[PDB]
Amino acid sequence: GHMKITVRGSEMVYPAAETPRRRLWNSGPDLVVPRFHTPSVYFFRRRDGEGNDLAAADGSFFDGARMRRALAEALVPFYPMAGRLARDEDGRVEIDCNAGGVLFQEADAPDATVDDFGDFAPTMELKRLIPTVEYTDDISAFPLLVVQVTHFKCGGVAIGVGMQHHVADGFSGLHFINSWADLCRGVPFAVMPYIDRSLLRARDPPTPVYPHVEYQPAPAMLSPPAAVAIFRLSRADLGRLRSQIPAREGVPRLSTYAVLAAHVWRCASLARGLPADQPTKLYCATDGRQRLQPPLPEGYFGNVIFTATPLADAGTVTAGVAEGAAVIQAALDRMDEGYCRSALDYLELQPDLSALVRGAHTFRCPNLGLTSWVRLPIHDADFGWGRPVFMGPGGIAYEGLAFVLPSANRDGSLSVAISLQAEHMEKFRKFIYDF
Ligand SMILES: CC(C)(COP(=O)(O)OP(=O)(O)OC[C@H]1O[C@@H](n2cnc3c(N)ncnc32)[C@H](O)[C@@H]1OP(=O)(O)O)[C@@H](O)C(=O)NCCC(=O)NCCSC(=O)/C=C/c1ccc(O)cc1
């Protein structure tokens, strides 16, 4: 259906104090992440478990003025967020820290309730909860951060975030949002951001020592409307799925990501009807912070995304989750300090990094992307009126792109949010539970 959603006011929000005016150099990983405003949506319920109103003692519940004041404070240490994209003399995209501000707006949905969104699948209707950005040829023209706070008939609220990917990855993006939340809640946030990105500069001279398959063009089909859905697997399902894989003494244990990813990859491949000899490539975003040595400063503010790309004939992936999980874990296992360091050097040698940008052509059939949010603090944004009951991607712009989401409660379930061709989704829906 098409929900009535009325925007009651838009406002640019600026840092509430002096911030540095500068150009901020972007690292190779900053430049190869997707070129969108990464969409996320938060839902907050007006009543708790037992039916108590979650409004504060002063009657507030996501009061706009308060949120904007806290936002302005947050933008002082996180000042690149209030910047704009630009290019350096060489044509390399950078951030112009010019305190141009972020878009904040409020909306009302007078006839819809949080419950109407059901499972919170990242449909184009869910995307309506994030402000829309008009992309022209002037890359400096739009804010890097847009936010909408939407109020519902039930008293509940959605916060829709869109964060231009050059500025921050998951950890750094949520570091900002959660810090904003902390300020709004009336507590100082624990970790000041570290802004300079030169720590991720390549070595001089660059000395790559791997082919870096992750930056090579993805396989094409050997010589359509995209559906979106979300699927929960209970702790017991994930257990049973793991128990299907032989775990023998002396064989290193597969990660839950590798097992689940093998399952998703196998199901998508079967649903797409891939022949056994069709190559297929799975794109796995990997956090460099856990891999680089010495570790980066705790508050490093930027992208530290490296990419693991298992690649196999569809025959290997569909033969079973055991075989697919092994291929994925091997690809993950490659992602150590020396590999991530080599990748920085490799990216430095490229004449034009915009060519390596991951987008529609990257994730589309016969390939796949599976971005884990399992260890991101997506449920910690408490602005003063409680923790969210759901957080997920606002939409999924590319076919073949999927997310692993952790549960908002303690049940240890995981959900897979995914986009596939409509004809293929109909099969995927059945296959993901058909084990
Ligand atoms: C993706 C990998 C390869 C797979 O891992 P994962 O699903 O994230 O899970 P982990 O494997 O790291 O952690 C799970 C394991 O760790 C264990 N564990 C688990 N939490 C614990 C614990 N607190 N204590 C101690 N043991 C534990 C847990 O038991 C579990 O064990 P096991 O079942 O044996 O696998 C992992 O290495 C990794 O790099 N994860 C991070 C990937 C990442 O950075 N994704 C974000 C990309 S950027 C993006 O999407 C941006 C979004 C965004 C969003 C909002 C914005 O505003 C802006 C942007």
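The mixed open sheet is built from 6 strands, whose spatial order is 1-6-7-8-3-14. The open sheet has two edge strands, strand 1 (6-13) and strand 14 (390-393), and neither has a second partner. Within this sheet the neighbouring strands show an average axis-to-axis angle of 15°, counted without direction. With 7 bridges connecting them, strand 1 and strand 6 (residues 102-109) associate as antiparallel partners. Each residue of the ladder has a partner; that of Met12, found in strand 6, is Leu103. Across the sheet, helix 1 (residues 64-74) lies against strand 1, strand 6, strand 7 (145-152) and strand 8 (157-164), angled at about 160° from strand 6, the strand it touches most. This element, helix 3 (residues 170-185), spans strand 3 (37-44), strand 6, strand 7, strand 8 and strand 14 of the sheet and lies at about 140° to strand 8.

Before going further, it helps to examine empty space enclosed by the protein. Empty space within the largest cavity amounts to approximately 50 Å³. Lining of the largest cavity is provided by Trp25, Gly28, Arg92, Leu200, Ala202, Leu344, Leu347, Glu348 and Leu353. Its residues assigned to classes, the lining of the largest cavity shows 6 nonpolar, 1 polar and 2 charged.

The next point concerns helix 10 (residues 422-431). Inspection of helix 10 places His424, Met425 and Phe428 among the buried residues, and these make up the whole buried set. Looking straight down helix 10, one finds its buried side chains confined to an arc of 100°; they lie on one side. The exposed set on the far side of helix 10, more than 90 degrees from its buried face, consists of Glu423, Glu426 and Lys430. Tucked into the core, helix 10 has its buried residues touching strand 9 (226-233), helix 5 (256-271) and strand 16 (414-421).

Ranked by internal contacts, the top residues of the largest apolar core, which has 137 residues, are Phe43, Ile159, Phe383 and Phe428. Of the residues forming this core, the biggest block, 11 residues, is contributed by helix 5. When residues of this core are sorted by domain, at least three fall in each of domain 1 (1-217) and domain 2 (222-435). Beyond its immediate chain neighbours, meaning those up to four positions away, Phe43 contacts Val114, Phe117, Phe120, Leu126, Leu129, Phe152, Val157, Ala158, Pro388, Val389 and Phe390.

Once that is clear, we can look at the packing of aromatic side chains. With the rule as written, the count across this model stands at 28 aromatic pairs. On the basis of an interplanar angle of 80° and a centroid distance of 5.0 Å, the ring pair of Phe61 and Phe62 is categorised as edge-to-face. You can call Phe61 buried: its relative accessible area is 8%. Ring centres 6.4 Å apart and planes at 25° place the aromatic pair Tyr194 and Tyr300 in the stacked group. Relative accessible area serves as the criterion here: at 31%, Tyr194 is assigned to the partly exposed category. Judged by its relative accessible area of 2%, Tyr300 is buried. Through successive ring pairs, a cluster of aromatic residues spans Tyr42, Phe44, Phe61, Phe62, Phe78, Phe104, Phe176, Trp180, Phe189, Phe301, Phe383 and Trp385. Directly above the ring of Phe61 sits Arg46, whose terminal nitrogen or CZ lies 4.4 Å from the centroid.

Before going further, it helps to examine the packing of helix 5 against helix 7 (residues 321-333). Two elements in contact, helix 5 and helix 7, have axes separated by 8 Å at closest approach and are oriented at 125°. What the angle tells us is that helix 5 and helix 7 run oblique. For the pair helix 5 and helix 7, the crossing hand works out as right-handed. Only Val321, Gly324, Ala325, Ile328, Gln329 and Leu332 of helix 7 make contact with helix 5, whose side of the interface consists of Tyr257, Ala258, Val259, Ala261, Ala262, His263, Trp265 and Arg266.

Let us look at the sheet that holds strand 4 (residues 84-87). Spatial strand order, 2-5-4: 3 strands in an open sheet with antiparallel pairing. Strands at the two margins of the open sheet, each flanked by one partner only, are strand 2 (22-24) and strand 4. Across the sheet, the axes of successive neighbouring strands diverge by a mean angle of 40°, strand direction being ignored. Where strand 4 lies against strand 5 (residues 93-97), 4 bridges are found, and the strand directions are antiparallel. Its bridge partner lying in strand 5, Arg87 is registered against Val93.

The UniProt record annotates "binding site: 3,4-dihydroxybenzoate" (unreviewed entry) at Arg358. Tracing the backbone shows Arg358 in the loop between helix 8 (337-348) and helix 9 (360-363). Those residues in contact with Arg358 that sit more than four places away from it in its chain are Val32, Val33, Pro34, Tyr215, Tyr283, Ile305, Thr307, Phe363 and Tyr398.

Burial of strand 7 is extensive: 8 of the 8 residues sit out of reach of the surface. Covered by surrounding structure in strand 7 are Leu145, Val147, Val149 and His151 together with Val146, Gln148, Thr150 and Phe152, the residues of both alternating faces. In terms of strand pairing, strand 7 meets strand 8 through 7 bridges, oriented antiparallel. By the bridge assignment, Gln148 is partnered in strand 8 with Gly160.

Taking the numbering used here, the UniProt-annotated feature "binding site: CoA" (unreviewed entry) corresponds to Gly170, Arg253, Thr256, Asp287, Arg291 and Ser372. Considered against the largest pocket, the annotated residues that line it turn out to be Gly170, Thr256, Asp287, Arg291 and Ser372. For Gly170, the position within the fold is in helix 3. Among the structural elements, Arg291 can be located in the loop between strand 10 (279-287) and strand 11 (305-308). Among all residues touching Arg291, those that are not within four sequence positions of it are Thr286, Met335, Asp336, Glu337 and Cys340. Here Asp287 takes part through its backbone oxygen, which lies 2.9 Å from a polar atom of the side chain of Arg291.

Rules used throughout
- Residues numbered from 1 in each chain as written, not as in the entry; some residues may be left out.
- Heavy atoms only, no water.
- Pairing = 2+ DSSP bridges.
- Helix = DSSP H or I, 4+ residues; strand = E, 2+ residues; numbered from the N terminus.
- Axes fitted to C-alpha atoms, helices over the stretch in contact; angles between N-to-C directions.
- Contact = heavy atoms within 4.5 Å.
- 1 Å grid on protein atoms, 1.4 Å probe; cavity = no way out; pocket = protein on both sides within 12 Å on 5 of 7 lines; lining within 4 Å.
- Points joined across faces, edges and corners; volume = space filled by probe spheres on them.
- Nonpolar A, V, L, I, M, F, W, Y, C, P; charged D, E, K, R; others polar.
- Buried < 20%, exposed > 50% of the residue type's maximum accessible area, 1.4 Å probe, protein only.
- Arc of directions from axis to C-beta.
- Core = buried A, V, L, I, M, F, W, Y, C linked by side-chain atoms within 4.5 Å.
- Domains from an automatic or database assignment.
- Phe/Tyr/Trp six-rings, centres within 6.5 Å; stacked < 30°, edge-to-face > 60°.
- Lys NZ or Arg CZ within 6 Å of the ring centre and 35° of its normal.
- Parallel < 35°, antiparallel > 145°, perpendicular 65-115°, else oblique.
- Left-handed = near helix turned anticlockwise from the far one by under 90°.
- UniProt positions renumbered as here; feature names shortened; annotations may be inferred.
- Polar contact = N/O pair within 3.5 Å; in protein donor to acceptor, adjacent residues only side chain to side chain.

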